[PDB]
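Protein chains in written order, with the entry's author numbering: chain A, 1 to 141; chain A', 1 to 141; chain B, 1 to 146; chain B', 1 to 146. A prime marks a further copy of an entry chain.
Just below is one structure, and these are the notes that go with it.
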Amino acid sequence: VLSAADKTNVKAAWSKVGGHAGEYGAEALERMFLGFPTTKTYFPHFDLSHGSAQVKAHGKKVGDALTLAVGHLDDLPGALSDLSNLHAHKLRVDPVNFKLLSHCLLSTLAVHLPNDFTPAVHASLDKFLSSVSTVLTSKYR
Amino acid sequence: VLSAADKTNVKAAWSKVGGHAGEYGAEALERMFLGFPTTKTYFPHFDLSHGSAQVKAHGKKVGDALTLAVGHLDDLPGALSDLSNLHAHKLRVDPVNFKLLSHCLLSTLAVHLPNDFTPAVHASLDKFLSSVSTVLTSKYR
Amino acid sequence: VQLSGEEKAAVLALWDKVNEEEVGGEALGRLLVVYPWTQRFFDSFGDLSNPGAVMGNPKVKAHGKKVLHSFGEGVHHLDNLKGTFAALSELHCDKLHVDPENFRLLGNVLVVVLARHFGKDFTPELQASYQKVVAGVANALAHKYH
Amino acid sequence: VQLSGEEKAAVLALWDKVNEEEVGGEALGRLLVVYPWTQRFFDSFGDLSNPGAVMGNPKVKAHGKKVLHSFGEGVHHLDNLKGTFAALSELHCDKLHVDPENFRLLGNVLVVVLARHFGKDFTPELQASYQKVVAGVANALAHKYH
Ligand code: HEM
Ligand code: HEM
Ligand code: HEM
Ligand code: HEM
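Have a look at this one:
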């Protein structure tokens, strides 16, 4: 999906994320709901307060999907097929929202891995998140 | 690149464009320069007045590239490789500008093929233009 | 909106020829067909699942007329877009939570429909003025987000 | 910008801790690295071809300080963003012709740098306020395009 250099940077950076993917996914969602309130409309059935167990549980699923993706950089379409259906076909998520969550995920990583979040790694992660976003909204294109 | 249905619609619509691809490319550029003045900055060496021979000549090259693309819907990356370099690597065209030219191209087609520019064909052409745009800016991603 | 007098007159003159119903119904339908995530806001309209269903839906046509009408009010009030659209801004922002990028999408779709309907009379120059108008409308509607 | 008093105080308090030079140099460098087409506007700065070259370029650091300074003026003038940035708006719009989407990109990059620098102190709540600030700045700079 990305360049080989990018592939390397992403795999390396995610190794540093390690077992915090879940925690990070949850924090990224929290920063998105607070920062971009329009996004809350997709989660009526969710308790959005800080520490909500649903957000926590949901953060884990997001972190797992990103982990999967990192493992299948050469076949995102196939690996994320099921999620593309849900997001685009079932939920009709506005494509702009992917950009907002991407931003919130980078913010989170910056908070937690300041020494690992270098300009080169930031650039590779942005490319990765955009690639993931394209697959999730491809039922549009 | 697109869905089979999309592929069909695009090939069919372009057949209607026929030998006007050039003329349309030129008009699309004119509508872009007038409508979105920021875009003129990439053409200092160009006489941008209406009827400019350069715009006319340039419109032809754009129309030819789109024609090529339609012929290689299954391999845009390969077919447009050289253009991706120029636009992204050499010219550093801001990705937003692709959206503006796309819009101006659809406007042009609407002007000239009002009976052929149906909602279904409009949707397929939008997808096509976005696909072409992704390839031309892929030296970014 | 920063339009000359020549530009303003040409804009108004075209509007005299705009059938709000036809144009409006087509603009909203095309938005729904071309940018499918927009369907999420119009669930109450019934079947929007395919082009045919969308284009022939009476609620779509009726609602598109409403949209175009408010547009026409903007065209006539180029000096106070913010004032003209304040109530619609509150609605779209506070109640619906429509991302403002979509305002821009609708404006561009409107422009393509005008081109389709006016042909060669929708000149590059007239289109340029209309891009200014649609931009102005999108901004006035994004107001209560700012 | 629509910020409460609590929000405003928290925003100002963080700014007291912002090193304009360090933050500014890093924000502009990251923009140039992450969104490569932005390099087109800074040809006069020399070598911007690789991360190393960009991050260590003295013109980038100097210019980033300038950017952050003007940002700081905004933070201090939340009530008149449009007035504060009018001259910069004219510059970016009329002279440079920078697409306004880029203003939004820089604001978000700034937010990521603040997160990197403040860690756990850059709470989801504080980030939310800063998103309002960056949005306000981007809008005031896009002014002369409207
Ligand atoms: C990086 C991009 C994203 C990834 C990897 C992602 C991942 C996921 C995953 C793994 C699920 C679980 C589905 C299940 O098995 O229940 C999910 C569901 C969902 N996602 Fe996302 N998502 C992304 C972006 C978004 C965005 C931007 C939104 C809207 C702002 C969104 C809204 C939803 C909703 C509403 C659900 C269903 C939740 C439920 O009903 O429990 N997603 N997503
Ligand atoms: C649908 C998307 C586009 C297509 C298919 C396209 C196609 C082309 C082609 C075929 C060339 C000819 C290169 C040569 O052999 O000299 C070209 C050059 C160029 N394009 Fe595009 N282009 C697209 C979008 C854009 C946009 C959005 C811009 C900027 C607003 C742009 C700016 C340029 C410039 C400055 C040149 C070089 C012209 C010269 O020096 O004569 N292009 N493009
Ligand atoms: C140029 C931009 C737009 C204009 C001028 C406009 C105008 C209008 C008008 C006049 C109404 C009727 C309100 C009333 O009197 O109660 C309305 C309602 C509505 N608009 Fe828009 N609109 C715009 C963009 C959008 C977009 C882009 C969306 C969604 C993607 C949207 C979604 C809605 C919805 C869901 C309603 C309420 C429908 C109902 O339940 O009656 N609008 N808008
Ligand atoms: C938050 C958004 C931004 C702010 C607050 C800002 C601020 C500034 C300031 C304070 C200056 C110095 C002007 C002077 O006193 O002469 C400047 C100049 C400049 N800015 Fe920005 N800027 C922003 C966004 C951008 C972006 C996104 C770009 C390009 C993508 C850009 C390109 C430039 C350039 C090319 C110059 C002139 C450089 C020179 O020749 O000295 N600016 N800006």
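For each residue, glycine too, the CB sits at the ideal point set by N, CA and C.
beta-carbon residue i near ligand 2 non-hydrogen atom, thresh 7 angstroms
i                : result
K61 of chain A'  : yes
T8 of chain A    : no
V67 of chain B   : no
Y130 of chain B' : no
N97 of chain A'  : yes
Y140 of chain A' : no
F122 of chain B' : no
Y42 of chain A'  : yes
Residues near residue i by beta carbon distance below 6 angstroms, same chain, minus five either side
i               : result
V75 of chain B  : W15
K61 of chain B' : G25
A88 of chain A  : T137, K139 and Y140
CB of residue i within 8 angstroms of CB of residue j, strictly
i                : j                : result
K11 of chain A'  : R141 of chain A  : no
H143 of chain B  : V23 of chain B   : no
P36 of chain B'  : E30 of chain A   : no
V113 of chain B  : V134 of chain B  : no
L66 of chain A   : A21 of chain A   : yes
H92 of chain B'  : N139 of chain B  : no
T41 of chain A'  : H63 of chain B'  : no
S131 of chain A  : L48 of chain A   : no
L76 of chain A'  : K7 of chain A'   : no
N108 of chain B' : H103 of chain A  : yes
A115 of chain B' : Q127 of chain B' : yes
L81 of chain B'  : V1 of chain B'   : yes
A10 of chain B'  : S89 of chain B'  : no
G25 of chain A   : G78 of chain A   : no
beta-carbon residue i near ligand 4 non-hydrogen atom, thresh 7 angstroms
i                : result
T38 of chain B'  : yes
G107 of chain B' : yes
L141 of chain B' : yes
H63 of chain B'  : yes
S70 of chain B'  : yes
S107 of chain A  : no
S124 of chain A  : no
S4 of chain B'   : no
Ligand 3 heavy atom lying under 7 angstroms from the CB of residue i
i               : result
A138 of chain B : yes
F41 of chain B  : yes
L81 of chain B  : no
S89 of chain B  : no
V98 of chain B  : yes
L91 of chain A  : no
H92 of chain B  : yes
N102 of chain B : yes
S102 of chain A : no
Same chain, Cβ closer than 7 angstroms to residue i, five either side skipped, listed in chain order
i               : result
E20 of chain B' : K65, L68, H69 and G72
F117 of chain A : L109 and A110
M32 of chain A' : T39, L100, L101 and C104
Residue i: CB within 7 angstroms of a non-hydrogen atom of ligand 1
i               : result
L83 of chain A  : yes
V132 of chain A : yes
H72 of chain A  : no
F128 of chain A : no
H87 of chain A  : yes
Residues near residue i by beta carbon distance below 8 angstroms, same chain, minus five either side
i              : result
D94 of chain B : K144
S52 of chain A : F46
Please confirm if the region 117–131 of chain A is in contact with the region 29–40 of chain A, defined as three or more CB-CB distances below 8 angstroms between the two stretches.
no
For the pair the region 54–66 of chain A' and the region 2–12 of chain B', tell me if three or more CB-CB distances fall below 8 angstroms.
By the criterion of at least three beta-carbon pairs nearer than 8 angstroms, the region 54–66 of chain A' is not in contact with the region 2–12 of chain B'.
Between the region 97–105 of chain B' and the region 47–61 of chain B', do three or more beta carbon pairs fall short of 8 angstroms?
no
Using 8 angstroms as the threshold, is the region 105–119 of chain A in touch with the region 16–25 of chain A, meaning 3 or more CB pairs across them?
yes
Could you check whether the region 102–109 of chain A touches the region 69–85 of chain A, counting it as contact only if at least three pairs of C-beta atoms, one from each stretch, sit closer than 8 angstroms?
no
Segment contact, 8 angstroms Cβ cut-off, at least three pairs: the region 130–141 of chain A' with the region 23–36 of chain B:
Here the region 130–141 of chain A' makes no contact with the region 23–36 of chain B; the two share fewer than three CB pairs at distances below 8 angstroms.
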